[PDB]
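As structure tokens, the structure follows; a few thoughts come after it.
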């Protein structure tokens, strides 16, 4: 029950082979419609674009998108992702040549085709209704 501040912002440099690992717990039970949001920003400013947005509507759906010149682009949706109510989760995002590969709790979930080069990602923000225990970038 140690925790990181939320919103959590960390500077990053992403290259093919990198892996973002996010560990934490939803802070409310699913009946309260808690959310998790992970944003890969292409700037350090508050108005920066988002190359990869990953948003968990716990108990409902996962949506992914990008914010480009201030506009949300095509939403990609997953109906079911195996987050468990009240339990700690592990979210991994691997930076591959052509896509981000998303893993949750030991399961392969999704490959999100790059819309922008990962080399332009400068900061990752993790926020909304979670308690966070760690946010690590490998390689």
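Quick one: go through the stretch 115-139 and flag any residue whose amide nitrogen is under 13 Å from the point 7 Å out along the Cα-to-Cβ line of residue 103. Label zone hits: 138. Using r as the Cβ-Cβ distance of residue 119 and residue 35, and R0 as 25 Å, what FRET efficiency do you calculate, to the nearest 0.05? The value I calculate is 0.30. Equivalent ellipsoid of the stretch 1-62: semi-axes from √(5λ) of the C-alpha gyration tensor, largest first, are 23, 14, 13 Å. Here the residues 16, 133, ranked from fewest to most Cβ neighbours within 10 Å of their Cβ, fall in the order 16, 133. Note on the stretch 41-106: the alpha carbon radius of gyration divided by the globular reference 2.2 N^0.38 Å gives 1.24. When the alpha carbon coordinates of the stretch 24-139 are projected onto the principal axes, the ranges are 35, 27, 26 Å, largest first.
Values in this text are rule-based calculations from the coordinates and carry no lab data. With ideal geometry, Cβ positions are generated from the backbone for all residues, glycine too; neighbour counts draw on all protein chains shown.
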